[PDB]
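Colleague: Dropping in entry-v2.cif, which is mmCIF, N, CA and C atoms:
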```
data_upload
loop_
_atom_site.group_PDB
_atom_site.id
_atom_site.type_symbol
_atom_site.label_atom_id
_atom_site.label_comp_id
_atom_site.auth_asym_id
_atom_site.auth_seq_id
_atom_site.Cartn_x
_atom_site.Cartn_y
_atom_site.Cartn_z
ATOM 1 N N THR A 1 -2.415 13.343 10.263
ATOM 2 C CA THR A 1 -3.395 13.408 9.149
ATOM 3 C C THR A 1 -4.185 12.095 9.090
ATOM 4 N N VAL A 2 -4.867 11.755 10.152
ATOM 5 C CA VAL A 2 -5.674 10.506 10.155
ATOM 6 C C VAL A 2 -6.578 10.491 8.923
ATOM 7 N N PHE A 3 -6.988 11.641 8.457
ATOM 8 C CA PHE A 3 -7.835 11.688 7.234
ATOM 9 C C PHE A 3 -7.059 11.078 6.070
ATOM 10 N N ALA A 4 -5.780 11.328 6.008
ATOM 11 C CA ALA A 4 -4.950 10.701 4.943
ATOM 12 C C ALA A 4 -4.978 9.195 5.153
ATOM 13 N N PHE A 5 -4.919 8.775 6.388
ATOM 14 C CA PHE A 5 -5.035 7.321 6.696
ATOM 15 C C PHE A 5 -6.411 6.831 6.256
ATOM 16 N N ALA A 6 -7.456 7.360 6.837
ATOM 17 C CA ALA A 6 -8.833 6.940 6.441
ATOM 18 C C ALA A 6 -8.964 6.977 4.916
ATOM 19 N N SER A 7 -8.395 7.967 4.287
ATOM 20 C CA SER A 7 -8.491 8.063 2.805
ATOM 21 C C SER A 7 -7.682 6.934 2.168
ATOM 22 N N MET A 8 -6.402 6.902 2.419
ATOM 23 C CA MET A 8 -5.556 5.816 1.850
ATOM 24 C C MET A 8 -6.208 4.479 2.160
ATOM 25 N N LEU A 9 -6.701 4.339 3.349
ATOM 26 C CA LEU A 9 -7.370 3.079 3.740
ATOM 27 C C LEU A 9 -8.613 2.888 2.874
ATOM 28 N N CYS A 10 -9.545 3.794 2.948
ATOM 29 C CA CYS A 10 -10.764 3.681 2.099
ATOM 30 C C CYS A 10 -10.351 3.413 0.653
ATOM 31 N N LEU A 11 -9.257 3.975 0.231
ATOM 32 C CA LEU A 11 -8.810 3.779 -1.174
ATOM 33 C C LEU A 11 -7.866 2.573 -1.254
ATOM 34 N N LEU A 12 -6.618 2.770 -0.924
ATOM 35 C CA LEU A 12 -5.614 1.671 -1.038
ATOM 36 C C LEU A 12 -6.131 0.403 -0.357
ATOM 37 N N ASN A 13 -6.913 0.530 0.678
ATOM 38 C CA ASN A 13 -7.402 -0.694 1.376
ATOM 39 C C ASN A 13 -8.612 -1.236 0.634
ATOM 40 N N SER A 14 -9.659 -0.466 0.575
ATOM 41 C CA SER A 14 -10.917 -0.968 -0.034
ATOM 42 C C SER A 14 -10.678 -1.392 -1.486
ATOM 43 N N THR A 15 -9.787 -0.738 -2.186
ATOM 44 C CA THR A 15 -9.629 -1.044 -3.636
ATOM 45 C C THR A 15 -8.576 -2.137 -3.841
ATOM 46 N N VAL A 16 -7.730 -2.372 -2.877
ATOM 47 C CA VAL A 16 -6.763 -3.500 -3.009
ATOM 48 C C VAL A 16 -6.147 -3.820 -1.655
ATOM 49 N N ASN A 17 -6.675 -4.783 -0.959
ATOM 50 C CA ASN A 17 -6.033 -5.186 0.318
ATOM 51 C C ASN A 17 -6.701 -6.419 0.898
ATOM 52 N N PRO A 18 -7.999 -6.423 1.005
ATOM 53 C CA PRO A 18 -8.741 -7.596 1.538
ATOM 54 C C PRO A 18 -8.590 -8.799 0.611
ATOM 55 N N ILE A 19 -7.559 -8.790 -0.182
ATOM 56 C CA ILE A 19 -7.326 -9.902 -1.124
ATOM 57 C C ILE A 19 -6.005 -10.575 -0.755
ATOM 58 N N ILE A 20 -4.918 -9.868 -0.912
ATOM 59 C CA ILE A 20 -3.585 -10.442 -0.577
ATOM 60 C C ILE A 20 -2.840 -9.483 0.353
ATOM 61 N N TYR A 21 -2.489 -8.323 -0.140
ATOM 62 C CA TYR A 21 -1.668 -7.373 0.674
ATOM 63 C C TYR A 21 -2.283 -7.179 2.065
ATOM 64 N N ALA A 22 -3.589 -7.252 2.183
ATOM 65 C CA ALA A 22 -4.254 -7.086 3.521
ATOM 66 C C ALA A 22 -3.909 -5.719 4.127
ATOM 67 N N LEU A 23 -2.676 -5.527 4.506
ATOM 68 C CA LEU A 23 -2.229 -4.220 5.064
ATOM 69 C C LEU A 23 -0.791 -4.387 5.524
ATOM 70 N N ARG A 24 -0.450 -5.568 5.952
ATOM 71 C CA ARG A 24 0.978 -5.865 6.192
ATOM 72 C C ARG A 24 1.656 -5.909 4.831
ATOM 73 N N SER A 25 2.923 -5.652 4.780
ATOM 74 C CA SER A 25 3.663 -5.659 3.483
ATOM 75 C C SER A 25 3.049 -4.658 2.481
ATOM 76 N N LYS A 26 1.800 -4.270 2.644
ATOM 77 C CA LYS A 26 1.223 -3.223 1.742
ATOM 78 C C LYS A 26 2.244 -2.104 1.628
ATOM 79 N N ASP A 27 2.743 -1.684 2.757
ATOM 80 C CA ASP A 27 3.786 -0.614 2.803
ATOM 81 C C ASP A 27 4.778 -0.806 1.657
ATOM 82 N N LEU A 28 5.261 -2.004 1.485
ATOM 83 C CA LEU A 28 6.217 -2.268 0.375
ATOM 84 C C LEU A 28 5.436 -2.452 -0.921
ATOM 85 N N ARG A 29 4.352 -3.172 -0.872
ATOM 86 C CA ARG A 29 3.553 -3.440 -2.108
ATOM 87 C C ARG A 29 3.462 -2.185 -2.983
ATOM 88 N N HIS A 30 2.804 -1.159 -2.513
ATOM 89 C CA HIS A 30 2.596 0.034 -3.381
ATOM 90 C C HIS A 30 3.908 0.792 -3.517
ATOM 91 N N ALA A 31 4.591 1.035 -2.429
ATOM 92 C CA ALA A 31 5.913 1.706 -2.534
ATOM 93 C C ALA A 31 6.701 1.012 -3.632
ATOM 94 N N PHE A 32 6.733 -0.270 -3.609
ATOM 95 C CA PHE A 32 7.364 -1.009 -4.724
ATOM 96 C C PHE A 32 6.837 -0.454 -6.049
ATOM 97 N N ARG A 33 5.542 -0.399 -6.194
ATOM 98 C CA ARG A 33 4.938 0.190 -7.425
ATOM 99 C C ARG A 33 4.961 1.711 -7.339
ATOM 100 N N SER A 34 5.850 2.256 -6.566
ATOM 101 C CA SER A 34 5.830 3.723 -6.364
ATOM 102 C C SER A 34 7.138 4.200 -5.709
ATOM 103 N N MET A 35 8.128 3.347 -5.616
ATOM 104 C CA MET A 35 9.365 3.695 -4.857
ATOM 105 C C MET A 35 10.504 2.770 -5.276
ATOM 106 N N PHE A 36 10.293 1.479 -5.168
ATOM 107 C CA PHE A 36 11.434 0.526 -5.314
ATOM 108 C C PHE A 36 12.293 0.907 -6.521
ATOM 109 N N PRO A 37 13.540 1.210 -6.286
ATOM 110 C CA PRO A 37 14.505 1.566 -7.361
ATOM 111 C C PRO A 37 15.096 0.315 -7.990
ATOM 112 N N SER A 38 15.152 -0.752 -7.237
ATOM 113 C CA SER A 38 15.723 -2.005 -7.783
ATOM 114 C C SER A 38 17.200 -1.773 -8.116
ATOM 115 N N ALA A 39 17.820 -0.847 -7.437
ATOM 116 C CA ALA A 39 19.268 -0.582 -7.672
ATOM 117 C C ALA A 39 20.080 -1.799 -7.231
ATOM 118 N N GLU A 40 19.823 -2.285 -6.047
ATOM 119 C CA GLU A 40 20.561 -3.473 -5.536
ATOM 120 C C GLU A 40 19.549 -4.551 -5.147
#
```
Could I get this structure in the form of structure tokens?
Modeller:
Amino acid sequence: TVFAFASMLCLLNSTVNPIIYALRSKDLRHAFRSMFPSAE
């Protein structure tokens, strides 16, 4: 689904990435705001 990539990129990238997350660690950045349970 490269379209999902181009989309997430156009979105998650253009709207927040060329600042700090860039794209590395982004994987955790949003997942953190969308996944991290903080159990341990």
Colleague: In Å to one decimal, how far is CA of residue 18 in chain A from CA of residue 33 in chain A?
Modeller: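 Spanning CA of residue 33 in chain A to CA of residue 18 in chain A is a straight-line distance of 18.1 Å.
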Colleague: What gap, in Å, lies between CA of residue 3 in chain A and CA of residue 24 in chain A?
Modeller: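 Those two atoms sit 19.7 Å apart.
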Colleague: Could you please determine the separation between CA of residue 14 in chain A and CA of residue 37 in chain A in Å, to one decimal place?
Modeller: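 Distance reported for this atom pair: 26.6 Å.
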Colleague: Pull the helix (DSSP H, G or I) assignments for chain A out of DSSP run on the backbone, and list those residues as a list in words.
Modeller: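 Going through chain A, the helix (DSSP H, G or I) residues come out as residues 2, 3, 4, 5, 6, 7, 8, 9, 10, 11, 12, 13, 14, 15, 26, 27, 28, 29, 30, 31 and 32 of chain A.
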Colleague: Give the padded box for range 2-10 of chain A as JSON: axis-aligned, covering all atoms listed in the file, 3 Å on each side, centre and edge lengths in Å to one decimal.
Modeller:
```
{"center_x": -7.8, "center_y": 7.3, "center_z": 5.4, "size_x": 11.9, "size_y": 14.9, "size_z": 15.5}
```
